[PDB]
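Protein chains in written order, with the deposited numbering: chain L, 5 to 320; chain J, 5 to 320; chain K, 5 to 320; chain H, 5 to 320; chain I, 5 to 320; chain G, 5 to 320.
Backbone N, C-alpha and C fix where the C-beta goes; we use that ideal spot for every residue, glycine too.
Take a look at the structure below.
Protein chains: 6
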Amino acid sequence: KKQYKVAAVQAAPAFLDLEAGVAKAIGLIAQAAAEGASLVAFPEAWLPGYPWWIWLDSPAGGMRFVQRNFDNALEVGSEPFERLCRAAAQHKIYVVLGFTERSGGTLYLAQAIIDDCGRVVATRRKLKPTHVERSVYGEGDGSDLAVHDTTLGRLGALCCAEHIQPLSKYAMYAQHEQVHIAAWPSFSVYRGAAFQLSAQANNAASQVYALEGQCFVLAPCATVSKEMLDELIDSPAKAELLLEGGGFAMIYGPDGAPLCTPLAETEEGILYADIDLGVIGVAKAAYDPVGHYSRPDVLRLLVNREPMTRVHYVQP
Amino acid sequence: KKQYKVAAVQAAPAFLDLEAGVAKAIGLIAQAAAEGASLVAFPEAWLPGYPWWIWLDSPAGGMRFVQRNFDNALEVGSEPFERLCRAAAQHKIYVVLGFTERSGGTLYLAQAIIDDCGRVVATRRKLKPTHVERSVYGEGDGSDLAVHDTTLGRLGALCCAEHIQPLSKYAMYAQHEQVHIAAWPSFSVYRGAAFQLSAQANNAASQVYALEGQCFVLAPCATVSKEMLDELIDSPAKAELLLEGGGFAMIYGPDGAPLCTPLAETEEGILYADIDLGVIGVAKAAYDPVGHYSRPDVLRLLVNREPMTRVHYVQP
Amino acid sequence: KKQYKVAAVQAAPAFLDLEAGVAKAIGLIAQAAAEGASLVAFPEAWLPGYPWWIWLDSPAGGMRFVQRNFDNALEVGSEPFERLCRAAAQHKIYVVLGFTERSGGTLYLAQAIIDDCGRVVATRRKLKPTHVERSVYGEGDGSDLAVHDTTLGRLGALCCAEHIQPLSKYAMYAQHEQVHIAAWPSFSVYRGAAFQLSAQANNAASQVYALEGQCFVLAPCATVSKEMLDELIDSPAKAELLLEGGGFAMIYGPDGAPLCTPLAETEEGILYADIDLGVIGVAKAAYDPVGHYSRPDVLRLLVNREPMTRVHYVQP
Amino acid sequence: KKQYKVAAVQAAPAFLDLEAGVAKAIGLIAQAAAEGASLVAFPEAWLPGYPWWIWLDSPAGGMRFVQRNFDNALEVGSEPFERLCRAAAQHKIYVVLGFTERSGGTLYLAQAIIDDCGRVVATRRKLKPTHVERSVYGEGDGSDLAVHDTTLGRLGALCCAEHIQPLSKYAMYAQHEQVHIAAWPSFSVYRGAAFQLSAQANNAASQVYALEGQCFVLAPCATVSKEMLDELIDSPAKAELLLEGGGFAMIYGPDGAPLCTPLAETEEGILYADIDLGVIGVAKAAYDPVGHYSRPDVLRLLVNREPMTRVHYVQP
Amino acid sequence: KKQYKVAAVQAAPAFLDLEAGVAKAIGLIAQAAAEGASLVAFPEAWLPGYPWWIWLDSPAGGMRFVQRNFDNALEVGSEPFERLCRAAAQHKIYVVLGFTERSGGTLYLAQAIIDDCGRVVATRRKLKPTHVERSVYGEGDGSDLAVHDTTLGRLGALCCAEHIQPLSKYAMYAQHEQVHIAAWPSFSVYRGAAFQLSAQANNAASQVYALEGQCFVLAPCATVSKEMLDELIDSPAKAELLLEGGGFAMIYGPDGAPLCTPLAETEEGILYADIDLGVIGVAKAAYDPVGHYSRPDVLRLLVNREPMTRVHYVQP
Amino acid sequence: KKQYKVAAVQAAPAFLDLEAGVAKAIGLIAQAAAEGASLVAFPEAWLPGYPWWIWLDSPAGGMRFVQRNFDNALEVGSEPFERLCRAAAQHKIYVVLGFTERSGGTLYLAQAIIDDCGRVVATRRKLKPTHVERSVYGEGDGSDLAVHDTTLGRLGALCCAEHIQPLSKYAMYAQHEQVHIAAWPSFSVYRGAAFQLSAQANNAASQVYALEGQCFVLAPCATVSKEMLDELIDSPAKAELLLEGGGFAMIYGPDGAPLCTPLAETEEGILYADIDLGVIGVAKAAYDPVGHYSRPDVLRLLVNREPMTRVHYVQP
């Protein structure tokens with residue numbers, strides 16, 4: 005399909021209840037196809053919602069959320085995952101979820117591209133979580149540096165810090181990507197105290213990904229809502245550590261131009277844009293980091309593509 | 005079922021009489037269920053009793069017990085075993101036996117998990133007997149490194165020195181275990197003369213198994229009795245080598261904390277603890293040796309799960 | 005040399021001053037050598053001090069310590085490092101440091117074994133920081149699971165949560181290690197409230213390493229102090245999260261028995277024990293997880309010993 | 005029945021008459037049962053007699069015995085076999101015959117275990133005749149390596165140099181055999197001139213079968229007699245080749261100890277031993293080639309148990 | 005070389021001293037080489053001495069010998085091994101040692117064939133120690149079932165209860181072995197009271213190995229002596245369990261016939277026999293378990309020869 | 005090559021001297037090539053000679069030849085075999101040797117077809133020795149029923165009473181054989197006293213192979229010389245059991261007609277025949293056992309072509 009509409013979600017998660025998260029994702033999946041989108045993309049960790057206590061508290065102050073986050077993690081192929089999987093067929097739309105996965109006992113910061121036929125194209129995990137997220141989540145492999153053939157073309161995804169990581173994004177450029185989902189949390193954490201968590205920094209990370217890879221970058225970004233702070237702030241010394249709003253979702257074209265009509269910082273919504281894969285031919289006239297711009301006489305990528313495992317079982 | 009009470013036996017075996025052992029086991033299986041335990045765990049070798057002569061004399065001094073150990077061995081699916089299988093249905097309690105098995109004429113140091121529907125989930129043999137237990141018992145294999153799905157969750161068992169073998173417990177962690185039966189004998193042997201047989205060594209081995217796996221360790225433990233010393237002690241030179249008591253049964257949470265009430269070293273009883281498979285999520289926030297707290301780029305286990313057979317029959 | 009005295013330090017670091025930390029290190033290198041110990045072992049991150057703010061606050065509360073921890077991090081072959089190296093040579097004693105390494109923009113949770121003639125036997129990075137330590141530290145490789153031939157036998161080191169890692173300690177056991185430094189931070193963080201961080205959990209893990217490995221384990225342990233808390237606590241919401249004391253250094257024999265005479269929890273000092281590498285043959289008559297207590301037909305370790313570089317320059 | 009008397013025959017055959025052979029076998033079956041033996045075992049080829057001309061003559065000097073050996077071969081389920089089958093029932097004794105079977109054109113060196121109720125437990129052909137016996141007999145099958153449950157326990161049979169075949173007797177041990185009939189010819193052939201045909205060699209091969217298998221080896225044996233030599237020695241160049249006597253019948257316990265009272269080399273009789281199947285558990289403490297003493301990770305037996313038909317009939 | 009003299013040692017070890025034991029070996033190597041023997045075979049565990057305390061007491065009574073046995077166990081390729089290695093070259097004799105090997109933390113019951121030119125043809129560990137020997141030793145693997153071409157024909161070794169293991173000796177026969185070393189410890193343990201440990205059981209096991217295999221079996225055998233019992237008996241309850249003497253060394257032809265002139269039970273000596281590898285063609289007329297007497301359509305051996313490492317180090 | 009001369013040896017072996025026998029084979033190989041024969045065929049067992057003592061003596065009278073048969077058995081790819089292999093090249097003739105193979109411990113009644121290029125097409129063991137030959141030799145298997153493409157067409161070999169085995173020669177016909185080597189021993193044994201060993205019986209069996217198969221049958225035949233009898237006769241009671249001569253070599257057409265010039269019985273020589281593989285199409289007009297004259301709706305052969313091994317080695 006050579007041209008289509010795409011949706012980036014700018015919405016507050018149903019923070020630490022999986023089922024209300026799933027029900028709101030179903031309503032946004034429906035709403036994206038009702039406005040005519042062929043793809044919808046969700047924010048980082050959005051089922052059951054991003055683990056905000058890690059930025060607000062010591063590990064001890066997090067412990068009231070740890071059991072809840074683990075008991076509300078979305079396992080791939082669970083009944084709350086099939087509710088999202090069928091909803092992608094029931095609305096004939098590609099869904100890029102962002103979620104907390106669990107496997108046995110470890111949480112992973114995960115994403116899943118779901119087909120028009122309401123089945124996984126591929127699930128995914130973040131290779132390296134960001135510094136305090138490493139206390140919640142485990143790690144992905146080079147098998148999570150994957151760009152897939154879909155009816156929408158060469159479709160791939162990464163989340164927050166994986167846009168900062170140069171070899172991690174070059175591994176995605178190496179697969180001749182056309183459309184990208186850059187999943188982000190809310191940029192209301194540490195407002196004006198630490199620039200690396202700011203919308204200014206992380207919209208530049210996404211804009212530069214669109215310009216370096218020459219692909220359309222959906223940048224869905226969560227928002228922190230009024231009632232979510234009443235669960236999550238216990239004192240006035242934590243109030244300026246996480247604000248209401250933080251929604252700075254964006255969509256960028258293959259030359260770093262923003263394609264989205266704006267939303268306010270506190271505004272829940274979905275951004276929509278028009279995607280023509282033939283514009284990538286013009287955008288690649290300037291730059292192509294794995295074609296005409298590359299010097300394989302100077303720099304190459306060495307990449308372990310294989311999925312890793314803790315145990316090998318001997319077969320007779 | 006995620007919240008339930010569990011029982012660890014601290015009881016003396018009816019030493020070297022299987023019909024008295026099975027009768028006492030069915031009494032303790034009833035007594036655990038009468039106190040509302042959904043699982044009961046028994047000590048290592050408890051039917052017909054742990055072979056204490058190997059710690060007390062030469063093979064020539066042990067010969068008065070070798071036909072008695074063999075003739076009171078508990079063959080799996082023999083009528084004395086089906087009496088214990090029916091007792092798990094008759095009281096709607098998971099039974100985790102520890103016993104001497106026999107097959108042909110090799111004895112094995114064995115265990116069996118039995119459903120509350122009164123059927124085996126798995127019988128199971130120790131992979132390697134401890135240095136002088138090798139003079140009595142044969143080896144298991146990788147088919148005995150199994151964690152089983154049960155109504156009570158991912159349930160597994162190992163016995164004594166298998167808690168001191170790191171690859172053998174990595175194989176159990178790789179199966180995402182939730183509750184564990186760490187079966188032990190009476191720690192009254194070689195008191196002060198050898199620390200590897202002590203309460204303090206093997207309670208640390210059970211506490212660390214819980215802390216490493218993030219699973220609830222039931223550690224049932226036998227105890228030695230006056231009328232068992234009358235069978236098993238003949239002289240003051242042997243009387244220093246094995247004391248009355250040695251009952252140090254324990255139960256541990258997935259954070260490593262002891263959940264049990266105390267029992268005196270000489271006291272027969274059953275320990276009880278309230279399990280919640282929901283707590284495993286909090287324990288796994290700190291460590292998970294097969295998940296976030298692992299290095300599959302640096303370390304992996306190879307395991308041969310397949311049951312070994314001495315003879316293969318060609319089938320036409 | 006098969007028989008010798010050994011030291012485990014129990015001391016508060018000169019918290020976030022490397023030049024006071026090194027002066028105090030050299031003062032304890034002297035106190036150990038003055039008591040006649042051939043080996044002195046230091047706690048985890050003891051130069052310049054363990055990053056306790058990770059346990060007491062959010063990253064935004066931690067920010068005031070981050071630049072100071074980086075500036076007081078100890079680089080390998082730095083002038084403060086050569087000072088420690090010369091102090092081992094000056095006193096004819098093996099020194100096992102625990103320090104924050106700095107190497108590029110990344111800190112590592114490191115250790116160094118210094119020879120009695122003052123050179124590194126090894127400089128060594130923790131393979132995986134514990135869940136919130138990952139917010140401060142990078143990772144080692146299988147280059148850092150290494151045991152060394154020395155004047156003191158086969159000598160090795162790991163720290164805190166690396167004893168809660170069955171493959172990571174089997175990788176050490178497979179190298180036929182005789183003496184081990186199990187370096188720990190203070191055990192006064194989250195007293196009662198998180199058992200995994202307690203003395204009972206981590207004295208068990210150190211004792212079970214001595215008992216699984218049949219190697220003498222020196223477990224040096226930090227302590228927290230009045231004038232360290234006066235910089236690190238500011239409110240009752242932090243006050244019970246890290247108590248004064250927390251010193252539970254121990255020394256264990258290859259059968260797991262505690263060889264150290266006690267100290268108070270609040271007390272600084274050096275623990276000592278008389279070591280005899282002949283006694284390993286007695287303990288290894290019972291268990292040897294890489295010898296007679298091992299089943300390579302069923303279980304093996306796959307291990308990658310190669311150090312991991314980020315760039316591979318094309319050699320001309 | 006776990007404790008019982010058993011009988012090994014030491015008797016000269018009624019050489020080359022099947023009718024006097026069956027009359028003498030019934031005379032011995034009666035004499036064994038009158039003594040309270042629950043089993044009697046007969047020598048190799050005892051009906052109608054072992055083919056001694058193969059050891060004394062060329063095939064041309066043998067011709068006068070071939071038609072007689074063929075005429076007096078025992079057809080299984082024929083009238084003279086039924087005459088023995090009835091004599092087992094009549095006396096309530098297990099009979100282990102050793103005979104020349106005939107089937108169609110071909111002779112087999114054969115055995116039959118006959119029940120207390122006088123019916124065949126099994127009829128059994130030697131897998132490989134020894135040396136010049138291959139000029140008389142055909143081969144058996146993997147169906148002839150059979151150990152049977154009986155009122156007497158796990159009962160099996162092999163004849164002469166099948167106790168010299170290590171895989172063949174591993175196939176018998178793998179069935180957890182408890183009582184064994186090692187049927188032999190008589191050890192008066194080539195006295196001093198060949199040791200492999202001797203009493204010392206083949207009594208050791210039987211004694212080692214017991215010691216290896218941990219089972220009671222009844223070793224019945226023929227004896228040569230004056231009236232047999234007067235049919236079979238015709239010249240001086242044979243007078244030293246086959247002597248009178250050669251009866252070295254034995255019975256061995258599962259520890260290898262001889263249980264029989266000594267007969268003379270040249271005396272007819274029946275050896276009696278008091279068997280106790282409980283004793284096999286003491287013998288299996290030390291050795292068990294198929295259990296605790298095996299290594300099925302290093303060695304296995306592949307066995308084809310299917311009997312070898314020469315012709316297959318297509319069925320519509 | 006096809007005709008040669010061979011020597012089987014019958015001597016007491018210098019019990020629990022490797023330096024006195026290697027001197028006594030270097031003397032008996034020289035004494036055999038002076039008589040014209042081209043091969044000398046030594047007993048089982050003869051350096052530093054077979055571990056008789058396992059047969060005489062509990063583990064707790066054995067603890068006084070465990071460090072002495074570990075500290076006098078012979079590392080392969082260490083100076084006291086190279087002393088024996090040089091003594092083989094120095095006298096132009098093949099030496100088949102039997103010794104307690106120590107490799108890392110574990111003892112092994114071991115044998116080594118040293119060449120005429122003073123270098124190892126093989127070094128070799130027992131596949132499975134006998135039932136209470138397992139309280140001292142680890143297991144070998146399939147690389148210890150090896151037969152070697154030499155100046156002396158196809159040469160091989162097994163020790164004591166490996167002659168009792170039908171697949172373990174079919175693995176040897178399958179390699180077409182011509183000369184065998186059957187190393188034994190002294191047969192004075194449990195005189196009368198356990199036949200499995202007796203001279204009669206194990207002289208028959210060696211005879212039957214020679215008779216089954218058609219190879220010359222040298223069966224050297226230790227002896228116990230007054231000076232060994234003074235260290236090892238403290239009382240009459242042990243005094244009756246291990247007598248002085250037990251030397252029942254033998255040498256057998258490929259027909260099973262004893263080639264040795266007898267010694268007395270307590271006598272030290274060396275047995276000598278004229279070996280002729282041409283005679284194996286005559287003895288293989290009767291029997292050949294891997295040739296004309298085999299049935300590979302009914303029975304085959306599966307064997308895993310690969311050496312069993314506990315760790316696999318990943319190659320770059 | 006469709007037309008050529010062929011040679012069948014009628015000659016006495018150099019009885020029991022392999023070096024003298026290979027000199028005589030190389031002489032006869034040259035004498036056939038000088039006559040322009042493109043193939044030469046040798047009798048059964050002809051290197052070193054047929055084991056005639058088995059038809060003349062008991063095993064005890066045969067003992068003087070067993071070592072002399074075994075030590076003069078021809079190993080394939082040993083030097084005296086290479087000597088015959090080079091003689092096939094040196095003269096540009098196909099050589100079909102018949103010999104006693106030795107492989108390990110066992111003799112085989114064997115054949116080897118060698119190219120004009122002086123290399124083995126195949127070496128080949130008899131599937132079943134004839135009744136007393138089974139006291140000398142082992143069995144081949146289905147890999148020994150092969151027919152080979154050569155320069156000379158579909159070439160195959162069997163020996164003596166394998167022409168008396170209907171399935172064994174159907175297995176050859178099924179491969180569309182064109183020239184056959186039917187190797188025999190001498191026909192001077194049991195003259196008049198056993199017709200199965202006669203010239204008439206086995207000339208008929210050779211003639212019927214040609215008639216049944218529609219292939220040219222070279223029947224080379226040994227003959228018995230005076231100086232062979234002088235070693236092999238001693239008593240007068242053998243003087244008529246094996247006579248001088250017994251050379252009844254023949255060569256037969258695919259219609260069964262004799263192509264050879266008649267040698268006398270007692271005469272050494274080489275028979276020569278003009279072979280034309282075109283004539284086979286006229287003989288196959290009448291009969292074809294595997295083609296137009298077969299009924300594969302009524303009758304089929306099942307055949308296991310695969311070579312039999314006693315031991316299988318597990319490869320990692």
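Residue closest to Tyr194/G, alpha-carbon to alpha-carbon, out of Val70/H, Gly273/H, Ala64/H, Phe220/H: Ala64/H
Coil, strand or helix - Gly102/L by DSSP: Of the three classes helix, strand and coil, the one that applies to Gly102/L here is strand, per DSSP.
Extent of the continuous alpha helix (DSSP H) to which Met232/I belongs: 230-233
Where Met176/H falls: helix, strand or coil (DSSP): Here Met176/H sits in helix by DSSP.
Extent of the continuous beta strand (DSSP E) run through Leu275/K: Segment 273-280, the beta strand (DSSP E) holding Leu275/K.
Under the three-state DSSP convention, the category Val13/I falls into: strand
Cutoff 9 Å: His180/I Cβ touching any chain H Cβ: Contacts with chain H at 9 Å (Cβ-Cβ) do not include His180/I.
Beta-bridge partners of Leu222/L, as assigned by DSSP: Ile185/L, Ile255/L
Residues of the stretch 140-171 of chain J whose Cβ lies closer than 9 Å to any Cβ of chain H, in chain order: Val140, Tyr141, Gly142, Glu143, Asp145
Inter-residue spacing [alpha-carbon to alpha-carbon] between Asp280/H and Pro258/H: Taking the Cα positions, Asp280/H is about 10 Å away from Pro258/H.
Contact with chain I by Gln115/G, beta-carbon distance below 9 Å: no
Segment contact flag, the stretch 159-173 of chain I with the stretch 109-125 of chain I, C-beta cutoff 8 Å, min 3 pairs: Touching, per the Cβ criterion.
Cα-Cα separation between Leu263/K and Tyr256/K, rounded to whole angstroms: 5 Å
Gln7/H in three-state terms, based on DSSP: strand
Neighbour flag for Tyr112/G against chain H, beta carbons, 9 Å: no
Separation of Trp188/I from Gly53/H, as counted between CA atoms: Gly53/H and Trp188/I: Cα-Cα distance of roughly 41 Å.
Alpha helix (DSSP H) runs wholly inside the stretch 26-57 of chain H, at least 4 long, in chain order: none
Buried or exposed by the 16-neighbour rule on C-beta atoms within 10 Å, applied to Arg304/G: exposed
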